[PDB]
Amino acid sequence: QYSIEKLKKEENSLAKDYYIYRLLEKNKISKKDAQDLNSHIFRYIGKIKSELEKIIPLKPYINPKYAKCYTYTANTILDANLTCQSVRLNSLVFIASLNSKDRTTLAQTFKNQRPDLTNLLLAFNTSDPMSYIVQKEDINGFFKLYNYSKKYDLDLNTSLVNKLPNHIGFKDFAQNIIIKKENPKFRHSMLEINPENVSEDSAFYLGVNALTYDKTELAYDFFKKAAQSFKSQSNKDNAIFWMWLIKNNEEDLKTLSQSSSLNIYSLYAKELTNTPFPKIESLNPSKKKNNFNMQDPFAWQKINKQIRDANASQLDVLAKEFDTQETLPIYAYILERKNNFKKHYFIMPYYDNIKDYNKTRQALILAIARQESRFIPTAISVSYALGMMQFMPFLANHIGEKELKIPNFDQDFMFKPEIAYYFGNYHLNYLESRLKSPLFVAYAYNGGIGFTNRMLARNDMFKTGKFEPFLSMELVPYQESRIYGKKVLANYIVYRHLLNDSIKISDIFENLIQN
Ligand SMILES: CC(=O)N[C@H]1[C@H]([C@H](O)[C@H](O)CN)OC(C(=O)O)=C[C@@H]1O
């Protein structure tokens, strides 16, 4: 327990934020303490923000240049000068709140200078503003209306849909309606997007979309364009896997099996082609200890800032300094950045705490820890998940106090490897018992067993099918969980291998198909 005066002498960081949040939820931050505190918050988003605002609410902020513009309402906007009228018409809710005659008057005012406003003003004089905006092919208006309400759904012709990808909002638009299975008329219309007009994630998601309609030839073209444009090798591998699954061109599978990225797609391709398992680095530092305190979360924030802001000369001196058994997690963290992510590091720190579990469970624990924290004992996420296993504080207190009844339990115990591993094994036992597959366990570990059960109970998710289970893995409705599951599954395959408990990744996929 650090007092608010001690914390103010620490660097702004997620760890300092976390401890400020702890004072706040304990009601130990007075109104006078809170005055200068917004400057002490590394990330003023989310629960620390709403908690601090129960003490000192911010009424801010309106730009003093446009202050007079917000003293008007729908009833008096025709009294406002021209600049205030245009300012207030940035909000589609404001536009919707006007009456028809005023929208018509304002539409005439702006048809010259701001035809975008005119189109929206007149769209809202109809029973379907989206249909009006689609007929004008007003791309900016289309996305403002989509952001205003997802409920609009409408068929879009070839000319219109091929103009949508040029807008910054298109990637999130397409991802959202495809992985949530919403706006079917939008989704069906995006079959007509020319692959030349999209790239990267947008092209990949349009390939997934094409597969849901069994347009395999259009899907192949989208995935090929994604493969040729993706920046990261991992994503490119994902896209090449789909090219192979659709057309079985064995040069695609060959490229996938030779990839430098270690992921489930390249692992699967290696297995399908009798290609040997990729080389895993071996890290056995001869030195045993140094000065660094692996239980000080402020020291980790400190050194993590340095490492992420180093050239090479600094990386090399850091690598040498943390080349000890004690700081093995930081050593492998540095080495991963030093080698520009081209080498594969799969350490097993604090191994005594798990060496007595069966090797399959050890692999799942290690796979989770690697993805969650890179084995940093004092890791703190932006929602204040804690320690190597990144336990959310609520779940950690339920287990620590109500289940395991640990004497004098504080949530900061999660920063201890033996607690993190013990709690992670305990929690994984709960999830494995309900879900079986390590993939599903991964989804529920990251996103809770709530949405996993909801997703598994749908009849279009991880059932049998031409492209299953791979298609379902692309349609997991939360992007974070979708990615997390693929990454943890790869880690799990690797660790089962290093533990001499190898498993064929093809067996993992067979078990995902519920019959
Ligand atoms: C073991 C555990 O705590 N799992 C939790 C997970 C985790 O904390 C996070 O993935 C760390 N990055 O977060 C959430 C969440 O919806 O916030 C749900 C899970 O119950």
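We count residues from 1, following the sequence as given.
Side-chain atoms of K405 do not come within 3.5 Å of backbone N or O of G400 as any donor-acceptor pair. The backbone N or O of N340 lies less than 3.5 Å from no partner atom in the side chain of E336, so there is not a single donor-acceptor pair. Of the possible donor and acceptor atoms, one in the side chain of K16 sits under 3.5 Å from a partner among the backbone N and O of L7. A donor-acceptor pair is defined here as one N or O able to donate and one able to accept, closer than 3.5 Å; such a pair exists between the side chain of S381 and the backbone of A385. A donor-acceptor pair is defined here as one N or O able to donate and one able to accept, closer than 3.5 Å; such a pair exists between the side chain of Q314 and the backbone of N311. Proximity of a side-chain donor or acceptor of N209 to a complementary backbone N or O of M190 within less than 3.5 Å is not detected. In terms of modelled atom types and a separation under 3.5 Å, the side chain of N425 and the main chain of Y421 share no donor-acceptor contact. Of the possible polar contacts, none joining the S202 side chain to the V198 backbone as a donor-acceptor pair under 3.5 Å is found. At distances below 3.5 Å, at least one donor-acceptor pair connects side-chain atoms of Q362 with backbone N or O atoms of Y357. Side-chain atoms of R496 do not come within 3.5 Å of backbone N or O of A363 as any donor-acceptor pair.
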Go through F143 and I168 one step at a time and tell me if the side chain to side chain contact (heavy atoms under 4.5 Å, CB included) criterion holds.
CA-CA 9 Å; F143 284 97; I168 65 198; over 6 Å; no
Stepwise ring-ring contact (aromatic ring centres under 6.0 Å, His included) check, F423 with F415:
CA-CA 11 Å; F423 278 42; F415 291 149; over 10 Å; no
Show the numbers, then the answer: is there a ring-ring contact (aromatic ring centres under 6.0 Å, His included) between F470 and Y265?
CA-CA 10 Å; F470 313 106; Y265 303 104; 7.4 Å; no
Run the ring-ring contact (aromatic ring centres under 6.0 Å, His included) check on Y333 and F322 step by step: do they pass?
CA-CA 10 Å; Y333 191 97; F322 290 88; over 10 Å; no
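Look at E217 and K247 and you find a salt bridge, because one of the NZ, NE, NH1 or NH2 atoms lies within 4.0 Å of a carboxylate O, short of that distance. Comment: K466 engages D214 in a salt bridge, judged by a side-chain N to carboxylate O separation of less than 4.0 angstrom. Using a 4.0 Å cut-off between a side-chain N of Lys or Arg and a carboxylate O of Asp or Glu, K343 and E281 qualify as a salt bridge. Taking the charged nitrogens against the carboxylate oxygens, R22 and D412 do have a contact shorter than 4.0 Å, which makes a salt bridge. Using a 4.0 Å cut-off between charged side-chain N and carboxylate O, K305 and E11 make a salt bridge. We find that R361 and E432 are joined by a salt bridge, their nearest charged nitrogen and carboxylate oxygen being less than 4.0 Å apart. The pair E53-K49 meets the salt-bridge criterion, since a charged nitrogen lies less than 4.0 angstrom from a carboxylate oxygen. Look at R482 and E474 and you find no salt bridge, because none of the NZ, NE, NH1 or NH2 atoms lies under 4.0 Å from a carboxylate O.
Defined by atom type and a distance below 3.5 Å, a donor-acceptor pair is present between the side-chain atoms of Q233 and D237. Counting only N and O atoms by type, the side chains of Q295 and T378 include no donor and acceptor under 3.5 Å apart. There is a side-chain donor-acceptor pair under 3.5 Å between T360 and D501. In summary, the side chains of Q371 and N491 do not present any donor paired with an acceptor at a separation below 3.5 Å, with no hydrogens or angles considered. When only modelled atom types and interatomic distance are considered, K171 and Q175 share a side-chain donor-acceptor pair under 3.5 Å. At a cut-off of 3.5 Å, with distance as the only test, no side-chain donor of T255 or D252 sits close to an acceptor on the other residue. Checking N446 against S481 by side-chain atom types alone, a donor-acceptor pair falls below 3.5 Å.
Taking the side chain as every heavy atom from C-beta outward, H167 and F173 never approach each other to under 4.5 Å. Counting only heavy atoms from C-beta outward, the side chains of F292 and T324 never approach each other to under 4.5 Å. Side-chain contact between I264 and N238 is absent, with no heavy atoms from C-beta onward closer than 4.5 Å. By the 4.5 Å heavy-atom criterion applied to side chains, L404 and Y422 are counted as neighbours. Using a 4.5 Å heavy-atom threshold, the side chains of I48 and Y18 count as separate. A heavy-atom distance below 4.5 Å is not found between the side chains of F222 and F204. Contact annotation: the side chain of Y484 approaches that of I368 to within less than 4.5 Å [non-hydrogen atoms, C-beta and beyond]. Contact of the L206 side chain with the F223 side chain is not registered, since no non-hydrogen atoms from C-beta on lie closer than 4.5 Å.
Ring centers of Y146 and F186: at least 6.0 Å apart, outside the cut-off. Aromatic ring centres of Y220 and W242: separated by at least 6.0 Å. A centroid separation of less than 6.0 Å is found between the aromatic rings of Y2 and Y19. Between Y268 and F509, the ring center distance clears the sub-6.0 Å criterion.
Around the NZ atom of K28, the shell of radius 6.0 Å holds no more than 12 heavy atoms that belong to other residues, nucleotides or ligands. Around NZ of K487, the count of heavy atoms belonging to other residues, nucleotides or ligands within 6.0 Å does not exceed 12. At most 12 non-hydrogen atoms from other residues, nucleotides or ligands lie less than 6.0 angstrom from NZ of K320. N274 CG: 12 or fewer foreign heavy atoms inside a 6.0 Å radius. In this structure, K150 places its NZ atom where more than 12 heavy-atom neighbours from other residues, nucleotides or ligands lie under 6.0 Å away. Within 6.0 Å of NZ on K225 lie more than 12 heavy atoms contributed by other residues, nucleotides or ligands.
Taking the six-membered ring for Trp and thresholds of 30 and 60 degrees, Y445 and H427 have ring planes inclined between 30 and 60 degrees apart.
Nearest heavy-atom pair across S257 and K254 is OG-O, 2.7 Å. Nearest heavy-atom pair across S259 and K270 is O-NZ, 3.8 Å. Of all heavy-atom pairs between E326 and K289, the closest is OE2-CE, 3.0 Å. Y443 approaches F451 most closely through the heavy-atom pair O-CE2, 3.4 Å. Smallest separation of non-hydrogen atoms from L262 and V494: CD2-CG2, 3.6 Å. Between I179 and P477, the closest heavy-atom pair is CD1-O, 3.5 Å.
Atom-to-atom distance recorded for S286:OG and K288:NZ is 7.0 Å, nearest 0.5 angstrom. Rounding to the nearest 0.5 angstrom, the gap separating the CG atom in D323 from the CD1 atom in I330 is 12.5 Å. A distance of 10.0 Å separates CD1 of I505 from CG of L272, quoted to the nearest 0.5 Å. Atom CD1 of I399 is separated from atom CD of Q411 by 13.0 Å, given to the nearest 0.5 angstrom.
Annotation: cation-pi geometry satisfied between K47 and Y21 (NZ/CZ under 6.0 angstrom from ring centroid, within 45° of ring axis). For the pair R370 and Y495, the cation does not sit on the ring face, since its NZ or CZ is not both under 6.0 Å from the ring centre and inside 45° of the axis.
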